[PDB]
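Residue numbering restarts at 1 for every chain, and letters A, B, ... go by the order of the sequence lines. In what follows, every heavy atom counts, from backbone to side chain, and hydrogens, waters and symmetry copies are set aside.
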Amino acid sequence: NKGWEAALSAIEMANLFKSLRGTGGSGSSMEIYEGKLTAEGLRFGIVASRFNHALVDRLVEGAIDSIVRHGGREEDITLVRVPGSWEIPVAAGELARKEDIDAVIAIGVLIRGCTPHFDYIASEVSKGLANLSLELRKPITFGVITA
Amino acid sequence: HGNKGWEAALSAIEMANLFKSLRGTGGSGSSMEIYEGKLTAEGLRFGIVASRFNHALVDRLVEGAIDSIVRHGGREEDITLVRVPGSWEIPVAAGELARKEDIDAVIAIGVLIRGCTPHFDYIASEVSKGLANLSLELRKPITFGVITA
Amino acid sequence: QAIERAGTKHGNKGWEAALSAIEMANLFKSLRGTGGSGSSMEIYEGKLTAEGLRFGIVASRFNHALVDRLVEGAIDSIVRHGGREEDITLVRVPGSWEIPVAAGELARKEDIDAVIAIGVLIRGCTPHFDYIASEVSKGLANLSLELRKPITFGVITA
Amino acid sequence: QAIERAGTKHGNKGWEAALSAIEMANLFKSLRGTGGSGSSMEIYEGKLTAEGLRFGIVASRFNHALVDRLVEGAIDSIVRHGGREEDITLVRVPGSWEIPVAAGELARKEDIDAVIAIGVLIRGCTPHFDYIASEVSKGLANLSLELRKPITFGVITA
Amino acid sequence: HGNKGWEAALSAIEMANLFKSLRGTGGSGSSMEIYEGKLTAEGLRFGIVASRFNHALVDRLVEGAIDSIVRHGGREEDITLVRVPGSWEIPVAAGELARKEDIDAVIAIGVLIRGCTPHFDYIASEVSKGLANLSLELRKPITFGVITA
Amino acid sequence: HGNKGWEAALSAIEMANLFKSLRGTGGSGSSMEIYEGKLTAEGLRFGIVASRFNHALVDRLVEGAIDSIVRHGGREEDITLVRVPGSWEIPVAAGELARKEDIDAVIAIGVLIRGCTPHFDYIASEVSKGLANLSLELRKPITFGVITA
Amino acid sequence: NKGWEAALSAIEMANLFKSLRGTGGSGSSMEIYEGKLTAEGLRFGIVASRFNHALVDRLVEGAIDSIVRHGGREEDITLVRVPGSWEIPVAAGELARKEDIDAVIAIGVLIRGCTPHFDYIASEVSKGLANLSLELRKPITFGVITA
């Protein structure tokens, strides 16, 4: 279930960035920065599409379960629904600019298989999410699948 | 001694020296100027970003990178190592290290899932593109030690 | 050594790349100048006189045999068209991946009128999409538009 | 490091090569011994007990990932069949071309009962005749016949 | 009667007799000398070297070899059978048998992988080469009963 | 710094050291012995054999070989250079150098005429075979710096 | 004309080996051994086949002309004819064991083209000549062609 995996990646970036922005080490050894798998005290945001209802519900199911099971507090989740995959990047941008969220998770299902004639919509969705993460300096996990 | 981790470190060391020369005082003229970087790692600060897929392989590349830096005069106390889950999200971590003024170069190490070979994958395209844009924007070398399974 | 010098280098991609840089450098210098009075359609084209211009060259070291013939091709194009060898800056980089970042540093100097990028690319013996080759073209194109200074593309496939 | 140790290496070409060396070493030791009394057809076969035998291994360094799993496969085959780790001599060489000459030096020692050669070969993506691969096979075969000591062939193609 | 093991045994018997006659002093003259070997195995010692790989087929080949020797007057007491792991080490074992002064001929039996090679095979070429060189150096007949799958 | 001339010199230097270790006194035991050669060229004597076809290319490889030896501690006075017309006749010249007791290794450099590609050429086969036999017979490293056009 | 080229290679090995066996240098610089293109005072031997009479005569023509033109003395050439290419190695062996010859030249024409099904006779001729040169430590030039 990609939903469980995508949530796990987000948890362990919210911890990593929290460590990096903190005070540095004492020197005298090679600094190593790391992210644990404890979600206590963290705020998340989820953006999910509405296409292939059967599949997406299972994915959003895993994401919420993963956050709570790893110690998260269910009141710290904001869920946003959008008509289709083309509208995920713009919604994620709005949710990522709030100062109360630490990571964002994108859930969706693409239409054509793994052997198309190339897909423009799929490229734009992945391309847009990547630029937002770099521009806003905030992790954004990528949890879409292919039909 | 011949792994991609070793090679990536050399390119990072050399480019770091070359940039230090370019923005220094120019030559006296009267002849064609030639700029090239040395392989003296003394006084340089490095950061490394490594993924986690294939824990066996990635550990090997990271060890090679550290070995290369120290053998060429690098001080082991000047290496910052950041570890990340997958290849999709090296660029965001690399960006954080590059924006520090105490880092002279960044090395990215990872392994990609070889999917359907003839066709176009989106994770590989985004990881390479993101690193390239960061280097041009921040004006700082970023080496691409990535490989394929 | 004399055997190396005896070979001809007119016409290789180093020659064409340098020639394009000379024309573009003169063309821009004309555009920034005062506009014509009018009374007719006004045409612009760059002359091929290279005296007084400053050039920069970025070349990778991979495949040390092919590259050298390309770099020497570029230099002779500038010299044979009137340029002086004292107005050329040469920068060498480990590989094709880091050409764009080095080319950016040269292009930001106010003493450079154009930049020439030379290199070679490894061709896998089956036609897949190369993630390194695309980044070089993408990076160089962006730099020229942003800095508003011509940059010429002089790479080849093995 | 523990991740490396957890992997299984039973059955790789390092395993088979070592196993053949053990059998041949015992077989020769039987042939040199006194012949049977007679009265029936007399059969020889080598046992798989490795206690008391000395072994030598020659391995190239090209493709450092593949080779290590092969060398460790050979060592565990000797140990798991009764051999001691103090009776193994390991020699490392730059490349596959100089395996035969190094293997010759080890084979001439009187304290060695068998030699194992391990390496990998580069496969060009079109099937031509390889002048390096043939020389390794030719050299190793000649050494065994001339020195009258078994040598086992444990190379693979990439 | 129809397997290569049977044929290999007959060749070994005939060559062993032929060598026995050649060492004899030449004739008086008055005609053209003709030398040939007979097919009686009485009083001759043989050795067999067989590989274990693809054992389903070789047992039938070794079967024929022993059957032929006995059928043609050979005493089963005089056969020495040696087994080796694979075909790569047939030559080295054959050399040890051929150097015994109590052996008149040696028979080598084995099976090689499919012969649809691009241009060449590097293991098959060594078995035949080694046996041929060994026979000439030691001046003793060695028969090739190897077949291709 | 990355030409076949450079690589061939390294292999010659390393193998020369390794042989010096093997025939010296053995270890104390109680642990597995590992033998490997260093990259210290001090005190070693080298000979080089170079063909003449493509004078431009061969000169480059020969310069690289000399540069590699000296940079790793080699004394320029300990290099003997022999030049020959074509590839067919490197082995006979290499044999003469190898038989001197003052030479520790030999390096062979040349370029072959790429004929009809898929098929078998006899000049290339003989040059490689001859070098291999010489090393085994004389028990001395001989490196193969040869390339193809 | 391969005949001219084959003779030239032999001339400049008889000189090289003459230099190598001579006294060494004075040190203080990198020893370089070299062979000139002067054939004065040298003895040669030629072994030629008798198949494709038209072609071989032209090749033996060039070899003798090359030796004399580069200063050789025509009385110092020994010519041996053999029925076919298969008999070249054995004849060359006899001529190379004499102590009065400095180099040997082999001239011949092979039968099948450059794209056969592999040729056993061609391989043996080249293989045999190479072994003789190494075993006897004396240059032997290879001047055959393919029909």
Side-chain angles (χ1 to χ4, degrees), chain A residues 1-21 33-82 85 87-89 91-110 125-126 128-130 132-133 136-147, chain B residues 50-55 58 82-93 110-111 113 122-123 126-127:
Chain A
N1 172 28
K2 300 294 187 291
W4 184 285
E5 314 205 349
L8 193 50
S9 315
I11 290 160
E12 65 183 1
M13 294 296 173
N15 291 334
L16 172 43
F17 276 42
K18 183 175 298 323
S19 179
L20 260 181
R21 270 88 164 271
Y33 291 98
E34 182 65 26
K36 296 183 290 294
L37 293 193
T38 61
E40 183 178 1
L42 288 192
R43 283 82 58 85
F44 295 81
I46 300 163
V47 176
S49 179
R50 212 214 315 287
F51 177 80
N52 299 80
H53 309 74
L55 282 71
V56 159
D57 295 344
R58 214 185 83 161
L59 290 186
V60 190
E61 182 65 26
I64 297 169
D65 291 331
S66 179
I67 291 157
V68 176
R69 178 70 275 172
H70 278 110
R73 183 179 63 84
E74 173 151 65
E75 172 169 3
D76 293 1
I77 297 169
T78 307
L79 182 77
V80 182
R81 319 298 306 252
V82 292
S85 44
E87 283 90 11
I88 293 169
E94 294 293 328
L95 204 49
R97 266 152 174 124
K98 293 182 183 293
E99 79 184 33
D100 291 331
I101 297 89
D102 291 331
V104 188
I105 297 169
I107 301 299
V109 174
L110 277 296
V125 169
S126 85
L129 286 183
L132 271 172
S133 164
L136 291 182
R137 306 175 54 172
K138 177 167 316 193
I140 296 194
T141 307
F142 186 60
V144 298
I145 62 170
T146 286
Chain B
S51 66
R52 270 201 208 261
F53 186 34
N54 311 59
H55 184 228
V58 190
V82 160
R83 294 178 65 87
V84 298
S87 81
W88 154 267
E89 65 184 1
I90 288 145
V92 65
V111 186
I113 306 102
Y122 310 117
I123 301 299
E126 286 303 317
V127 65

Trainee: Using salt bridge (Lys or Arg N to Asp or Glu O under 4.0 Å) as the criterion, list what pairs up with A:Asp102, not counting sequence neighbours.
Mentor: none

Trainee: State, with a plain yes or no, whether a side-chain heavy atom of A:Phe142 is found less than 4.5 Å away from one of A:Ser126.
Mentor: yes

Trainee: Let's go through A:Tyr33 and A:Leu16 carefully: what are the C-alpha distance in whole Å and the side-chain angles of both, what is the deciding distance for side-chain contact (heavy atoms from CB on, under 4.5 Å) to 0.1 Å, and is it a yes or a no?
Mentor: CA-CA 7 Å; A:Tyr33 291 98; A:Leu16 172 43; 4.0 Å; yes

Trainee: Would you say A:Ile67 and A:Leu42 make side-chain contact, with heavy atoms under 4.5 Å?
Mentor: no

Trainee: When you compare the side chain of A:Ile88 with that of A:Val82, does any pair of heavy atoms fall below 4.5 Å?
Mentor: yes

Trainee: Please report the interatomic distance CG(A:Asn52) to CG(A:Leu59), rounded to the nearest 0.5 Å.
Mentor: 10.0 Å

Trainee: With rounding to the nearest 0.5 angstrom, report the CG to CD1 distance, A:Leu55 to A:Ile145.
Mentor: 5.0 Å

Trainee: Answer yes or no: is there an ion pair linking A:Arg69 with A:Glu61, defined by an N-O contact shorter than 4.0 Å?
Mentor: no

Trainee: Would a 4.5 Å heavy-atom cut-off, applied to side chains only, mark A:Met13 and A:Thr141 as touching?
Mentor: no

Trainee: Quick one: does any side-chain atom of A:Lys138 pair with a main-chain N or O of A:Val104 as donor and acceptor, under 3.5 Å?
Mentor: no

Trainee: Could you give me the CA-CA distance, side-chain angles and deciding distance for B:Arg52 and B:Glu89, then say whether salt bridge (charged side-chain N to carboxylate O under 4.0 Å, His left out) is met?
Mentor: CA-CA 11 Å; B:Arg52 270 201 208 261; B:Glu89 65 184 1; over 6 Å; no

Trainee: With rounding to the nearest 0.5 angstrom, report the CG to CZ distance, A:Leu95 to A:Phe44.
Mentor: 12.5 Å

Trainee: What are the two closest non-hydrogen atoms of A:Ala48 and A:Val60, and how far apart are they?
Mentor: CB-CG2, 3.8 Å

Trainee: Measure the shortest side-chain to side-chain distance between B:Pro91 and B:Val127 over non-hydrogen atoms and say whether it is less than 4.5 angstrom.
Mentor: yes

Trainee: Are more than 12 heavy atoms from other residues, nucleotides or ligands located less than 6.0 Å from atom CD of A:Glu34?
Mentor: yes

Trainee: Can you see which heavy atom on A:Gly143 is nearest to which on A:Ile107, and at what distance?
Mentor: O-CD1, 3.8 Å

Trainee: Taking all atoms of both residues into account, what is the closest heavy-atom pair of A:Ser49 and A:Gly108, and its distance?
Mentor: CB-CA, 4.4 Å

Trainee: Between atom CD of A:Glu40 and atom CG of A:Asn15, what is the distance when rounded to the nearest 0.5 Å?
Mentor: 10.5 Å

Trainee: What pair of heavy atoms forms the shortest contact from A:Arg97 to A:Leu132, and how long is it?
Mentor: NH1-CD2, 4.4 Å

Trainee: Tell me if a side-chain donor or acceptor on A:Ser9 pairs with a main-chain N or O of A:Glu5 at a distance below 3.5 Å.
Mentor: yes

Trainee: Could you tell me if the side chain of A:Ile64 sits less than 4.5 Å from the side chain of A:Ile46, heavy atoms only?
Mentor: yes

Trainee: Once rounded to the nearest 0.5 Å, what's the spacing between atom OG of A:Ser66 and atom CG of A:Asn1?
Mentor: 9.0 Å

Trainee: Identify the heavy atoms of A:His70 and A:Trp4 that sit nearest to each other, and give their distance.
Mentor: CE1-CZ2, 4.1 Å

Trainee: Rounded to the nearest 0.5 Å, what separation is found between the OH atom of B:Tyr122 and the CG atom of A:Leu129?
Mentor: 14.0 Å

Trainee: Would you say A:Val56 and A:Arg81 make side-chain contact, with heavy atoms under 4.5 Å?
Mentor: yes

Trainee: For A:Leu136 and A:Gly93, which heavy atoms make the closest approach, and how far apart are they?
Mentor: CD1-O, 4.4 Å

Trainee: Is a side-chain N or O of A:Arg43 found less than 3.5 angstrom from the main chain of A:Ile77, in a donor-acceptor match?
Mentor: no

Trainee: Is there side-chain contact between A:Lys98 and A:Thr78, with heavy atoms separated by less than 4.5 Å?
Mentor: no

